[PDB]
Structures are given as C-alpha cells and as structure tokens.
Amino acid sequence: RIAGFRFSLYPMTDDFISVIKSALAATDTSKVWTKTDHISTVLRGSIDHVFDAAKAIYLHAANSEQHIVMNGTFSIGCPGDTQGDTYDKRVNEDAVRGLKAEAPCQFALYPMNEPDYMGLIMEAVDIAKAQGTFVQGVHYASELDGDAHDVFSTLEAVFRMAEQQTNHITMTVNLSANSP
C-alpha cells in the first residue's frame, strides 16, 4: 500500500532551473523513491514520508522568495500498483521547523469506485473547517489557506480519512507561494 505524489514545481522567474534544483537538493529525499522527468517528479513511499518530503520541497522553494507554485496529485491504492519503486520518522520536520510559507491552496479529492464519494468529499471539507484552514468551495475544488505546516496537515488528514474508507484515492493540490 505504497503512497505516491506526482508533482511539478513552477518558479515564475528567469532563475527557474536553479530554484527547482535547489528545492529538491535541499530536501532530505532519503525516505522516498524519486523519478524526475521534464514535466514532473514522482515520490513513492509511506504516507508519512511522501507528505514529509512534499512539505519540505514546498517550504524550500517558497523560501527562495520567488513566486512558486506546487501542483501535484497524491495517489494510493491504484489497482495493480507495483511493489517496487519504493525505498516512521519525518526526516525533514526538524530541518524545516523554523521555515514558514503561506500556502493558499485549491484541492480536489477523487475516491475511485466509491458510491459514497460525495460524502467523503463533504467529510474532507468538515475536516478543513475543524482545523481552521477551509476558505470556501469553488467550481471543481475546495480552497484552503494558512501557513504551509497547517495546510499540509489538513491535506494529509483528508487523504488519510479517505484512504482508510476507499481502496483507490487520488487528490490534486495546487499551492501558491509569494503570489504578487
């Protein structure tokens, strides 16, 4: 039951190559299997290590002070998922404990082959409301805001709630830092 995150980092700056390279390099990526291509990067591992890596990459990118966006898809349970392309402690948490970044976010939860999917989606919104990160609903997505630590905590709570109930789920996120 391997978790994955396929994401892209978008630096709105002439210095984009360096910004991406630095954010990935600055992160402790030792607990996730990674593959980068010219469109995106995929991370695979436990839920814990995938979310820990994803937050750290965002915080390092945001702390470039450039306008950057992280847009990706979390997935777990996909039918036929390989047992390979993988290799506890949130290895980045201490290192980034003093970093902050605002993380306004649009996200969408996709519980697959699930008759009660709209209910799982409503529970996701309820979790965001309880945690203080929910802003509003929009067409095709919900909106979160707050600091990255809180927004990533909400996103993980939602994903965990859903993956406990339904075999295959995905969840898109679109998180914007230093927006003009």
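Position 1 is the first residue in the sequence shown; the rest follow in order.
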Between neighbours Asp88 and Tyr87, residues that the deposited sequence lists but the model omits: 4 to 9
State which stretch shows the higher mean Cα B factor in the entry: 43-51 or 117-125. 117-125
31-39 set against 66-74, stretch whose average Cα temperature factor tops the other in the entry: 31-39
Can you work out whether the C-alpha temperature factor of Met171 puts it in the lowest, middle or highest third of the chain? lowest
Give the position of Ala103 by CA B-factor within its chain, expressed as the lowest, middle or highest third. middle
Taking the values exactly as deposited, rank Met112 by C-alpha B-factor within its chain and report the matching third: lowest, middle or highest. highest
Assert third(CA B-factor, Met161) within chain per record equals highest
